[PDB]
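Working notes, beginning with the structure itself.
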Amino acid sequence: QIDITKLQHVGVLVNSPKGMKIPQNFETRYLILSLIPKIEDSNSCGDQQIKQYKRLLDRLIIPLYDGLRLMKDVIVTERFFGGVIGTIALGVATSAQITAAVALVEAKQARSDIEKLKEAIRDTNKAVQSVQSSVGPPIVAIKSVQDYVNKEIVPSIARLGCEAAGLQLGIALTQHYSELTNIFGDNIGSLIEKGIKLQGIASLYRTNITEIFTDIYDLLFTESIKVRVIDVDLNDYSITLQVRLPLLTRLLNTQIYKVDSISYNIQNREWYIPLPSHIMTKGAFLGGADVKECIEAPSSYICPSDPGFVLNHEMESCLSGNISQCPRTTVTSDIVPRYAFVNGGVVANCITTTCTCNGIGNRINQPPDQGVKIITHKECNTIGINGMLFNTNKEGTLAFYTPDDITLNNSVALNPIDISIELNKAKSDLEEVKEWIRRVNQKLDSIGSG
Amino acid sequence: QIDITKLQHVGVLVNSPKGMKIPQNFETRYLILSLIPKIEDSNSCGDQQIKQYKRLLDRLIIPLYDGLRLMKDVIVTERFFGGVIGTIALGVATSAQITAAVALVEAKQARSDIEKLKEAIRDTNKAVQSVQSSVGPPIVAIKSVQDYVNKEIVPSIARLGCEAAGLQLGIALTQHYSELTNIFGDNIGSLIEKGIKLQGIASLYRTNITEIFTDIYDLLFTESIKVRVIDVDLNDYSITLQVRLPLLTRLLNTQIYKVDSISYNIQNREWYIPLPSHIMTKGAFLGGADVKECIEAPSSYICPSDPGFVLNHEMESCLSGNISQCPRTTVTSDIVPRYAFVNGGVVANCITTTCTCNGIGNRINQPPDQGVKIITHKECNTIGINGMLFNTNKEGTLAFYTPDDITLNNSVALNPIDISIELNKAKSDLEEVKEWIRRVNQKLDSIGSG
Amino acid sequence: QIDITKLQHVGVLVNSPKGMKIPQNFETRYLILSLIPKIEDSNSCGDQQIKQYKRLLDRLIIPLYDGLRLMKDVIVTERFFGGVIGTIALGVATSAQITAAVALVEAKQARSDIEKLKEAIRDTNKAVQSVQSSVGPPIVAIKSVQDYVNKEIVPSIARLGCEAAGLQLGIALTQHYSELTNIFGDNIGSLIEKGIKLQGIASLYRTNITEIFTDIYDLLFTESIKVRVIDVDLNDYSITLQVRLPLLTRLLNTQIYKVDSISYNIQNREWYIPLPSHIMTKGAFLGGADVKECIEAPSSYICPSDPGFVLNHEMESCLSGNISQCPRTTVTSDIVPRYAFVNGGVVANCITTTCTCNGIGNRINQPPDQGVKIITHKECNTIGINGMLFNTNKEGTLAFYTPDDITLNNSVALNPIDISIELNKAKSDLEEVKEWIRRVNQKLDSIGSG
Amino acid sequence: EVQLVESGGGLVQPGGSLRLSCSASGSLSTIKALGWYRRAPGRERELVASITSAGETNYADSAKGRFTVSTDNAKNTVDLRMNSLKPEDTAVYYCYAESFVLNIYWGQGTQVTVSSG
Amino acid sequence: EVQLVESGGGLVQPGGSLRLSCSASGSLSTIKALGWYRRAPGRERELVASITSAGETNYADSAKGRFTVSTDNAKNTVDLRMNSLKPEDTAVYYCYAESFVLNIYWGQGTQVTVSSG
Amino acid sequence: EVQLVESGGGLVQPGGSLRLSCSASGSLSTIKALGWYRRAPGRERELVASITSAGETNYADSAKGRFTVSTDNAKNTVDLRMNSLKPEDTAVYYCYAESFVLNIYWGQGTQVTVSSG
């Protein structure tokens with residue numbers, strides 16, 4: 001596991017262990033976006049704005065439908081446990097496409113209940129409606145702007161007439177088109193393959209997900225996961241969605257640690273160890289964690305899948321406490337911290353930070369061969385960093401550092417220019433070596449001839 | 001051209017040939033955003049919110065005007081075919097700036113018709129208006145919120161008075177400012193040089209582009225191309241735009257192919273060929289295609305310009321079927337597919353995928369020296385991958401693979417850390433070689449002296 | 001300093017010197033976002049939508065509060081100049097976190113005035129309110145949607161009843177939730193550490209910053225800087241913000257220059273010098289400038305901090321006029337300009353550009369060993385580039401170029417694939433050298449034995 | 001969607017044996033595993049037994065070797081055979097079907113209880 | 001903007017010769033090429049002839065060598081000279097001006113037709 | 001927040017000496033520097049003197065050696081001692097406190113003026 005106490009000696013501050021939660025399973029639910037609102041004018045006044053809005057929906061619903069038809073790459077035994085899902089198709093489908101096609105053929109049995117339900121949702125005015133079935137969960141349908149239509153436009157058609165009611169529809173529906181376009185328009189193939197974040201659709205429709213389908217961070221995670229488009233009705237302008245309620249389990253014996261690298265001095269130049277922002281353990285395992293897609297709760301990270309990736313370099317040996325193998329890289333800017341509070345004391349490179357021990361006049365100098373200064377409460381009662389006076393914590397666990405000849409031979413560059421420059425220098429040295437070899441071989445030929 | 005059948009043996013799945021459409025020419029049209037709506041209160045009630053909205057427009061229109069004045073870098077024979085466009089200016093202008101200045105001096109002849117039209121648009125209340133001229137196309141003007149003003153605020157000034165009418169104006173106009181800021185505020189120099197996507201302005205103003213100026217994917221492409229700002233009136237708060245209606249032609253003898261790389265096993269480790277996501281042919285030519293800015297129609301990619309870039313590496317030889325030169329790289333995560341359906345069969349590396357031939361109990365083992373397993377319908381009737389049973393397609397064209405000693409010497413890294421680490425190892429070996437050379441040269445001196 | 005005249009000979013066009021403005025100090029002001037609007041129905045009709053909106057605010061305010069409590073990493077002499085700020089805490093806090101905690105403990109003295117003010121803001125209906133104190137500046141409070149509530153919903157509760165008033169509240173408040181979520185929801189830890197851009201909050205609330213708290217580009221810069229969250233009231237649903245009015249000073253003896261690199265021919269292949277987009281001088285200093293976060297006024301760049309970063313490579317020597325050290329890289333696409341207007345003349349590589357001197361028939365050929373052609377007004381009166389005829393400026397200062405044997409040995413690659421490929425070639429040559437060394441050492445052993 | 005229909009529960013004498021039979025229907029070709037969960041009072045749903053389509057079977061430490069689970073794939077039924085029933089085994093048993101995409105489907109659950117003596 | 005004004009069309013005897021003269025005006029210094037397009041019934045606008053400002057001229061395979069195009073740059077006129085007129089040549093001929101930025105401008109077009117015999 | 005309270009200004013004879021005493025209160029442990037600014041008519045606020053918490057002191061070229069600034073940190077007071085007063089020195093003197101995060105706080109400022117003769 002991580003040797004946190006030794007990693008501090010190179011400014012690597014492994015901190016904040018949090019557990020990790022993974023959805024072992026998903027409860028599925030269906031959501032039907034019925035994109036056309038019903039009007040009650042009894043004279044087809046709103047039809048003119050409905051027609052142009054339909055003519056806008058085409059710009060999103062037809063690309064979405066044409067994208068979904070590519071997911072018909074499993075051709076259809078089925079209906080039997082461990083039977084054949086279907087016949088492959090003449091094309092190429094990657095594992096992501098195959099997984100999406102399998103999810104579609106799992107949902108395809110809904111389509112007869114879809115046919116049953118649309119007969120209702122075609123007629124109803126109610127904005128959010130749920131329909132029961134022989135299948136366990138209720139299926140819910142949202143009719144896009146019905147609250148606004150029945151509560152505002154239905155009165156306005158009488159109070160203000162067809163002119164204002166028509167403009168109100170035009171504005172509201174083209175706004176709803178801009179919202180739908182923000183949800184459905186970008187990366188359409190990925191949006192079909194991987195789905196749409198439930199957060200966006202709920203923001204479209206203020207959907208009380210827990211009330212519609214059934215901790216704050218668990219709810220945020222439920223918003224972050226992607227609902228898959230399972231059908232798109234081009235004639236009824238309806239999109240059917242699979243919502244995926246996660247069953248979260250706390251994964252045992254896992255911790256995700258944050259690692260912050262401060263600048264490390266080598267001969268009055270600033271270097272740092274460019275470790276990934278997060279690292280994780282799984283019993284004996286040690287690797288990075290791509291927490292970027294996860295929800296950081298206060299006690300655990302809720303992730304859609306195990307974010308761990310194995311550290312390919314000596315970085316694993318570095319983190320395991322074999323400090324001599326840590327890869328150095330040069331600091332570029334103020335993004336790398338020059339100091340940090342650690343376990344009640346301070347770890348900083350006092351060459352580029354005015355470290356003071358018991359007052360702004362007593363500077364804590366570090367020798368040029370020491371990379372970071374570890375200032376425990378036993379050393380200094382009131383450490384001042386860049387003038388900022390702080391008391392060190394008397395119950396701090398920051399272990400005292402007897403300095404040592406830590407030599408970090410693994411100098412590494414993050415910039416392609418640096419690598420190209422030093423590779424050109426290596427290639428020039430290699431050419432010099434080849435020239436020497438040619439000359440010595442010629443000399444060998446001459447000595448042999450003689 | 002691509003040797004698709006041989007590329008499969010390294011998990012490179014070249015697929016989905018689509019043609020390519022390029023706008024050989026653009027029909028120009030002019031659009032005048034008249035940012036101030038006219039009021040009809042007959043008492044200047046709305047003036048207070050108009051003044052503050054003008055005071056907001058300054059935050060975008062003045063930067064936009066000051067940006068456009070830099071495009072006055074051609075100084076002004078003109079008016080004669082093949083005559084001098086103008087005198088250069090004392091500064092530096094790159095080819096993009098020169099192209100934008102040339103486009104501005106082409107549009108500059110509109111400015112007398114602009115002066116003629118603004119006399120009308122200053123007075124009219126109508127939200128979208130078109131004006132004819134001696135030049136061929138109508139020029140259209142949009143007065144920002146006139147529908148809302150005349151249909152809602154003009155009634156409200158009488159029904160609710162100056163107080164509510166004023167608040168309605170304040171809210172609507174500052175919303176319109178946030179929309180304008182979303183369109184005009186970012187990357188102002190690029191926005192002047194390259195223009196604004198017509199999609200955004202149409203979303204601002206629900207503009208029926210085909211109705212205003214004249215297939216769904218052709219319309220999407222017309223939305224994706226950039227309208228250039230040609231004038232900005234700081235006193236009238238008016239922005240004049242050049243809309244560019246593309247004349248699309250299907251380019252002959254071009255195909256764009258998608259390429260998906262699955263993991264390829266070398267000695268129980270996963271590798272892949274990091275080819276670009278799309279490749280294109282142009283007769284004998286073979287290169288990549290930067291389709292990111294193009295519209296993917298079902299039969300062709302509509303691109304603003306030829307996206308092709310020549311493959312600088314042995315990647316061209318790799319794609320041409322000289323498989324031994326394909327560059328390997330190590331897999332990093334689940335983003336690289338471990339298997340894919342291909343032409344009715346399956347191509348997968350069965351070392352990290354439970355491939356089964358005619359039932360979940362008959363695993364299709366592959367020898368450690370074979371990188372991918374190609375499972376044709378002649379081999380297996382019902383291939384199961386990770387438990388998922390699928391029938392292979394009896395009309396599939398997936399050619400049967402007799403395995404061979406495919407050796408891929410071009411090991412390549414995508415991560416600067418890997419390159420730096422192995423360059424440091426190379427440099428250390430080079431230092432060892434130099435030390436040996438110094439020792440041998442010293443020995444040569446000693447033998448010569450003796 | 002920059003040797004602009006010599007840099008032109010490699011297509012490096014250093015241009016547009018602008019000064020730089022830095023906020024030496026910030027005037028602080030406090031802004032209290034009171035997220036719940038007061039209702040005046042006198043019967044709690046709006047309470048139902050207020051409760052659900054509170055139940056939405058939880059999804060943002062609780063994460064924001066839990067994030068802010070981590071900034072309690074300074075434990076609390078204080079209240080004395082040069083006294084101890086506080087005791088460190090048991091954890092790790094980087095310099096950014098320490099700076100944010102110090103900013104919080106500076107603002108913490110407001111909290112008694114916060115307690116005094118909330119007694120007022122709990123009761124008032126007014127949308128934007130300012131309260132004076134014994135401290136110098138007024139503190140301002142914004143009650144989220146009060147204008148809409150009092151001017152529209154307060155009339156509607158009487159005119160349309162609880163049903164429509166309730167729907168109006170639901171829509172307006174959930175819209176305001178989507179706006180708040182766009183401001184507060186992403187990157188919550190960074191948003192606590194570094195703050196929120198004032199631009200967004202002002203867009204939320206049309207805040208006349210200069211009117212509330214006190215050139216167009218100075219105002220844009222004031223919008224770009226980040227206001228820090230200093231308190232979050234979970235019970236009153238209130239967020240307290242520190243606005244930071246910059247005191248801008250023109251920094252002396254600094255210039256930021258734009259550098260545009262055109263393609264440079266080597267033996268009919270296109271190369272360019274991949275310098276950073278902007279470079280800066282500070283007296284004798286010369287380095288890059290990360291202007292991406294700065295506001296580009298017409299005469300100076302307004303930056304939140306000195307954007308300069310030292311050029312680590314021979315790029316400094318290149319820019320200083322030691323042209324032979326400039327790093328070449330190959331052109332990839334049309335993004336690299338093939339020509340540019342410069343100081344009244346043209347600098348272009350006429351191998352991939354039809355340069356003409358006094359008419360489209362007189363092509364300006366350049367020898368294959370010259371990289372760019374510099375066409376001064378002394379050479380050509382009417383240069384035509386790709387058919388575009390332009391007059392050269394008779395007062396142009398473009399110095400005449402007598403061509404020379406400029407050899408650029410620093411060939412450099414920007415793509416990890418190129419570096420990996422040529423490092424593999426270097427490693428193979430190194431293996432060849434090692435094999436030769438083993439053979440020669442064996443021969444030495446044989447000669448010694450003989 | 002997968003319809004799960006649990007059956008065979010009720011009261012039984014302690015130390016007795018019982019067979020719980022769940023009928024599954026729908027797109028079962030997409031189902032990775034069929035099995036049973038239990039929910040005792042005051043605790044979450046614990047896994048009881050599961051059968052993968054490959055036949056591979058697993059159990060919780062409270063169930064290993066003790067219980068046995070079976071299917072009759074000709075009729076899509078999954079049966080859990082209960083034996084040596086204890087007071088500790090009383091719970092609502094929920095049949096489940098788990099998809100290859102890790103969706104989970106549940107039966108209505110059957111009450112299982114044992115006499116006090 | 002470029003005003004294009006086509007002229008010289010009408011009915012003509014088959015096998016005859018005709019000259020179509022287009023007058024161009026506006027910011028012609030920004031025009032890359034001037035030329036003519038034709039639109040026969042039931043098909044898109046085919047290119048006929050074009051003159052670049054450099055004098056370089058190109059034609060479609062139906063027009064190579066057969067037709068000739070000319071300009072009088074002192075008056076910004078572009079003339080297409082038609083000869084050996086066929087029934088296959090009847091179409092609306094559209095003059096065009098193409099910018100360096102690839103904008104295209106069109107005349108109103110002139111009807112060209114030939115006697116049946 | 002830092003309350004700054006300037007005091008000690010007013011009219012004084014030219015060539016005289018005066019002491020300006022600013023009282024500071026609040027979270028002064030977060031204050032990097034305390035000092036004085038002046039604003040003469042028609043020009044921006046010029047720096048006069050400043051004391052960092054380390055004791056390090058700096059002055060403008062108009063003030064170097066000429067003026068002296070002092071504190072009594074037991075009571076959080078910062079005093080500027082004025083001497084050899086000139087007509088050129090009349091201005092509103094603004095006390096200031098500058099935070100480590102570069103926030104600046106200002107007093108209300110005291111008028112300083114000198115007799116004409």
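Naming works like this for the structure tokens: A, B, ... for the chains as they're shown, residue 1 at the start of each chain, ligands 1 onward in shown order.
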Up to 12 Å from chain F, what residues of chain A turn up? Count only C-alpha atoms and give them as a ChimeraX atom specification.
-> /A:354,356,359-363,384-390
The selected residues should be written to file as a PDB file, in the first residue's frame (atoms: C-alpha atoms).
ATOM      1  CA  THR A 354       9.818  32.422   3.129  1.00  0.00           C
ATOM      2  CA  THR A 356       9.887  31.162   9.381  1.00  0.00           C
ATOM      3  CA  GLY A 359       8.445  34.758  13.998  1.00  0.00           C
ATOM      4  CA  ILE A 360       8.803  36.467  10.633  1.00  0.00           C
ATOM      5  CA  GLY A 361      12.476  37.169  11.381  1.00  0.00           C
ATOM      6  CA  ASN A 362      13.689  33.582  11.936  1.00  0.00           C
ATOM      7  CA  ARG A 363      13.824  32.114   8.432  1.00  0.00           C
ATOM      8  CA  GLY A 384       5.066  31.703   9.203  1.00  0.00           C
ATOM      9  CA  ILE A 385       4.834  31.032   5.443  1.00  0.00           C
ATOM     10  CA  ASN A 386       5.156  34.096   3.187  1.00  0.00           C
ATOM     11  CA  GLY A 387       4.329  36.205   6.230  1.00  0.00           C
ATOM     12  CA  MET A 388       1.202  34.221   7.109  1.00  0.00           C
ATOM     13  CA  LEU A 389       1.663  33.185  10.745  1.00  0.00           C
ATOM     14  CA  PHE A 390       0.040  29.900  11.780  1.00  0.00           C
TER      15      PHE A 390
END
May I have the residues within 7 Å of residue 79 in chain F as a list in words, using only C-alpha atoms and disregarding those fewer than 5 positions away in the same chain?
-> residues 19, 20, 21, 22, 69, 70 and 71 of chain F
Go ahead and write the selection's residues with N, CA and C atoms as a JSON list (two decimals), in the first residue's frame.
[["chain", "number", "residue", "atom", "x", "y", "z"],
["F", 19, "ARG", "N", 1.84, 64.56, 13.16],
["F", 19, "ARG", "CA", 1.75, 63.12, 13.30],
["F", 19, "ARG", "C", 0.32, 62.66, 13.04],
["F", 20, "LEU", "N", 0.18, 61.77, 12.07],
["F", 20, "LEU", "CA", -1.11, 61.21, 11.67],
["F", 20, "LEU", "C", -1.18, 59.81, 12.24],
["F", 21, "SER", "N", -2.22, 59.53, 13.02],
["F", 21, "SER", "CA", -2.37, 58.25, 13.69],
["F", 21, "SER", "C", -3.65, 57.58, 13.24],
["F", 22, "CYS", "N", -3.50, 56.40, 12.64],
["F", 22, "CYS", "CA", -4.60, 55.58, 12.16],
["F", 22, "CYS", "C", -4.81, 54.42, 13.11],
["F", 69, "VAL", "N", 7.22, 56.42, 9.18],
["F", 69, "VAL", "CA", 5.99, 55.73, 9.58],
["F", 69, "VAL", "C", 6.29, 54.77, 10.72],
["F", 70, "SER", "N", 5.30, 54.57, 11.59],
["F", 70, "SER", "CA", 5.52, 53.78, 12.80],
["F", 70, "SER", "C", 4.21, 53.11, 13.20],
["F", 71, "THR", "N", 4.33, 52.07, 14.02],
["F", 71, "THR", "CA", 3.19, 51.37, 14.59],
["F", 71, "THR", "C", 3.42, 51.16, 16.08]]
Considering only C-alpha atoms, tabulate each residue of chain B that lies at most 8 Å from chain C along with its nearest interatomic pair and the corresponding distance in Å to one decimal; arrange the rows by chain and ascending residue number and present them as CSV.
residue,atom,partner,partner_atom,distance
B:58,CA,C:216,CA,7.6
B:59,CA,C:216,CA,6.2
B:62,CA,C:216,CA,7.8
B:66,CA,C:298,CA,7.6
B:82,CA,C:389,CA,7.4
B:83,CA,C:389,CA,6.7
B:84,CA,C:389,CA,4.7
B:85,CA,C:390,CA,5.5
B:86,CA,C:390,CA,5.2
B:87,CA,C:391,CA,4.3
B:88,CA,C:344,CA,5.3
B:89,CA,C:344,CA,5.2
B:90,CA,C:343,CA,4.5
B:91,CA,C:343,CA,4.8
B:92,CA,C:342,CA,4.5
B:93,CA,C:341,CA,5.0
B:94,CA,C:340,CA,4.3
B:95,CA,C:340,CA,5.4
B:96,CA,C:337,CA,7.2
B:98,CA,C:340,CA,7.6
B:164,CA,C:151,CA,6.4
B:167,CA,C:147,CA,7.8
B:174,CA,C:206,CA,6.9
B:178,CA,C:203,CA,6.8
B:309,CA,C:333,CA,6.8
B:313,CA,C:418,CA,7.6
B:410,CA,C:421,CA,7.5
B:411,CA,C:424,CA,7.7
B:412,CA,C:420,CA,5.5
B:413,CA,C:420,CA,6.0
B:414,CA,C:416,CA,5.7
B:415,CA,C:416,CA,7.1
B:416,CA,C:416,CA,6.8
B:419,CA,C:420,CA,6.4
B:423,CA,C:423,CA,7.1
B:426,CA,C:427,CA,6.5
B:429,CA,C:430,CA,7.9
B:430,CA,C:430,CA,7.2
B:433,CA,C:434,CA,7.2
Using only C-alpha atoms, which residues sit within 12 Å of residue 64 in chain F once same-chain residues fewer than 3 positions away are excluded, as a count of residues only?
-> 12
As JSON, numbers by chain, which residues of range 243-283 of chain B does DSSP assign to strand (DSSP E)?
-> {"B": [243, 244, 245, 246, 247, 248, 249, 250, 251, 252, 253, 254, 255, 256, 257, 258, 259, 260, 261, 264, 265, 266, 269, 270, 271, 272, 278, 279, 280, 281, 282]}
Identify which of the residues A:37, A:137, A:114, A:300 lies closest to residue 149 in chain A, counting only C-alpha atoms when measuring atom-to-atom distances.
->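 That would be A:37, the residue with the smallest distance to residue 149 in chain A.
Taking CA of residue 96 in chain F and CA of residue 226 in chain C as endpoints, the distance between them is 23.0 Å.
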Can you list, as a ChimeraX atom specification, every protein, DNA or RNA residue that comes within 10 Å of residue 6 in chain F when you count only C-alpha atoms, leaving out same-chain residues fewer than 4 positions away?
-> /F:20-24,36,77-79,93-96,106-111
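With only C-alpha atoms as the atoms that count, the residue of B:117, B:291, B:56, B:39 with the shortest distance to residue 156 in chain B is B:39.
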For residue 271 in chain C, please output as a PyMOL selection string all residues within 7 Å (counting only C-alpha atoms; exclusion window: fewer than 5 positions along the same chain).
-> chain C and resi 263-266+328-331
Just the selected residues (N, CA, C and O atoms), exported as an mmCIF file, in the first residue's frame, please.
data_model
loop_
_atom_site.group_PDB
_atom_site.id
_atom_site.type_symbol
_atom_site.label_atom_id
_atom_site.label_comp_id
_atom_site.auth_asym_id
_atom_site.auth_seq_id
_atom_site.Cartn_x
_atom_site.Cartn_y
_atom_site.Cartn_z
ATOM 1 N N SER C 263 4.128 29.150 -42.696
ATOM 2 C CA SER C 263 4.890 27.994 -43.145
ATOM 3 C C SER C 263 6.223 28.404 -43.749
ATOM 4 O O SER C 263 6.326 29.396 -44.471
ATOM 5 N N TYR C 264 7.246 27.617 -43.448
ATOM 6 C CA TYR C 264 8.610 27.845 -43.891
ATOM 7 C C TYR C 264 9.031 26.632 -44.705
ATOM 8 O O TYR C 264 8.915 25.498 -44.239
ATOM 9 N N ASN C 265 9.468 26.873 -45.933
ATOM 10 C CA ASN C 265 9.863 25.804 -46.838
ATOM 11 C C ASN C 265 11.261 25.276 -46.538
ATOM 12 O O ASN C 265 12.224 26.041 -46.478
ATOM 13 N N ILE C 266 11.373 23.959 -46.391
ATOM 14 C CA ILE C 266 12.639 23.238 -46.513
ATOM 15 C C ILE C 266 12.444 22.181 -47.588
ATOM 16 O O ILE C 266 11.691 21.221 -47.393
ATOM 17 N N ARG C 328 12.133 23.768 -35.689
ATOM 18 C CA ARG C 328 11.213 23.476 -36.774
ATOM 19 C C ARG C 328 10.214 22.406 -36.371
ATOM 20 O O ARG C 328 10.500 21.538 -35.550
ATOM 21 N N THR C 329 9.030 22.477 -36.961
ATOM 22 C CA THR C 329 8.060 21.399 -36.876
ATOM 23 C C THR C 329 7.305 21.390 -38.193
ATOM 24 O O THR C 329 7.227 22.409 -38.873
ATOM 25 N N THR C 330 6.754 20.241 -38.560
ATOM 26 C CA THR C 330 6.066 20.149 -39.838
ATOM 27 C C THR C 330 4.650 20.684 -39.741
ATOM 28 O O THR C 330 3.980 20.545 -38.717
ATOM 29 N N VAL C 331 4.197 21.305 -40.830
ATOM 30 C CA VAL C 331 2.825 21.776 -40.899
ATOM 31 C C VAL C 331 1.906 20.561 -40.951
ATOM 32 O O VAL C 331 2.244 19.521 -41.530
#
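Distances to residue 53 in chain B were evaluated for B:22, B:180, B:160, B:74 using only C-alpha atoms, and the minimum falls at B:180.
The residue that comes closest to residue 81 in chain C, out of F:45, F:66, F:39, F:75 and on the basis of only C-alpha atoms, is F:75.
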Residue nearest residue 139 in chain A among A:241, A:60, A:103, A:76 (counting only C-alpha atoms) |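 Under the stated criterion, the closest residue is A:241.
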Expressed in Å to a single decimal, how great is the separation between CA of residue 65 in chain B and CA of residue 232 in chain B?
-> 5.6 Å
May I ask which of the residues C:303, C:45, C:247, C:154 is the closest one to residue 102 in chain F, counting only C-alpha atoms?
-> C:247
Range 153-303 of chain C: residues DSSP assigns to alpha helix (DSSP H), reported as a ChimeraX atom specification | /C:154-159,161-184,188-194,198-205,209-213,216-224
Exercise: range 8-15 of chain E partners within 6 Å, only C-alpha atoms, chain neighbours under 4 positions left out, as a PyMOL selection string | chain E and resi 20+84-86+110-115
May I ask for the distance between CA of residue 23 in chain C and CA of residue 305 in chain C, given in Å to one decimal place?
->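 CA of residue 23 in chain C sits 7.3 Å away from CA of residue 305 in chain C.
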